[PDB]
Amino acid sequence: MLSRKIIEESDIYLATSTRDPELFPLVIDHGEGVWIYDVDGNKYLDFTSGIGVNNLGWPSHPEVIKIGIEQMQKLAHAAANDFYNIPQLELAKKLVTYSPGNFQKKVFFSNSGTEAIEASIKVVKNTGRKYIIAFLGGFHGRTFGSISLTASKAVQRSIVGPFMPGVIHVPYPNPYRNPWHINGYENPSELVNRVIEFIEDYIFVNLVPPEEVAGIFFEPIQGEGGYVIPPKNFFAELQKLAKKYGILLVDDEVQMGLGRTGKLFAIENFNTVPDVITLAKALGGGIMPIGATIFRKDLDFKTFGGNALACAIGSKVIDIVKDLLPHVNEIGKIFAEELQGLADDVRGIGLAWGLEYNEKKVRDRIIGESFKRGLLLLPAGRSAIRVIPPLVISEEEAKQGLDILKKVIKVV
């Protein structure tokens, strides 16, 4: 029972950071593929992917580990961009070239998704405009700038506010639950129109001149919000509104990017080209933190190290993800078929799935009982569960996990 002792001692020295309700503690020793092992030898099937960090497995993909060990002994990661280096150049080229839009783009590297978002804030404000529009339910980070854009759980913004002024939050086109009580699955256009109208006919009329809005920040699919997928043409309509006033569109792909939805960039599913994109988590292959902010060249700006290790890893990650897309979409069909009817709302694309329950207590029990069966799941939104297995998962491993989930749901 090494775990209990480690947990107790750790709780003494570490700052408090738990969910509500809090999940069962896990003292991990190591990982392999889609499996995690605690210090007591217990095995766990991972359906969390570390929320993106481990899209390619644990501790990472074999080819990525190989790259890391080699590069680390040459030039590591100073989280700085001063030192020109081949790895940095190669990853930059891939990120600008494979991202949506065939216009010239540039990339700014950072150490995390929140830093990538902080950089995006600077980019959109470089225009001279002062206001930013974001969405209720959205999550973009915890640093002061990023948390000003975040609006997931009120408690997360407690005590230390107020936050950055000039940020306005509006309803997201959540097809299952929204302020208009519209069924976004049956009437997608109606929901999209109400959301666009709220911005254009109210926010832009009563509160802020649209010409002073620097940009609109959004997740192509809300992660922390509960894996909420908006109507297919929502971003096309949002862009129409934005273009009308010269407002920039910032696509936060920190959690949905790099293969999660079966596309290199989740926004591709919505056939929309954003002005700025943020990446992180999976970009580092599960080995290390690295963030990236891709943006139209015409928006460019005006430490002492070289981030070679992180970039070398990211470069390999991009190649593996691209090679895996067909597999991701194939395995995704299994989740689509097997998850049907397992929740009050079952929504997903690629390997990005969400299960929402009208009963929060039921949601908590499903996660709790699943953990007791050796299946790792994470909550999302108010009463949903995110089902996000590593992109490298096999059909066989997927069914092992789904069988456990189905059995748990049947008894809870």
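Residue indices: 1-based, along the sequence shown.
According to the entry, how many residues of the deposited sequence fall between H181 and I182 and are not modelled? Options: none, 1 to 3, 4 to 9, 10 or more.
Missing in between: none.
Between 131-139 and 88-96, point out the one with the higher average CA B-factor as the PDB entry records it.
Between 131-139 and 88-96, it is 88-96.
Would you mind comparing 153-161 and 309-317 for me and telling me which has the higher average C-alpha temperature factor in the entry?
The stretch with the larger average C-alpha B-factor is 153-161.
Which of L45, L377, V362, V346 ranks first by CA B-factor in the deposited coordinates
Highest C-alpha B-factor among the listed options: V362.
Ranking every modelled residue in this chain by its Cα temperature factor as given in the entry, which third contains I290?
Middle third by C-alpha B-factor.
Based on the entry's values, in what third of the chain does the Cα temperature factor of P21 lie: lowest, middle or highest?
Highest third - that is where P21 ends up once the chain's C-alpha B-factors are sorted.
Which third, lowest, middle or highest, does the CA B-factor of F83 fall in along this chain?
For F83, the deposited C-alpha B-factor lands in the highest third.
Relative to the other modelled residues of the same chain, rank the CA B-factor of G113 and answer lowest, middle or highest third.
Bottom third by C-alpha B-factor.
Cα B factor band for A76 (lowest, middle or highest third within the chain)
It belongs to the highest third of the chain when residues are ordered by C-alpha B-factor.
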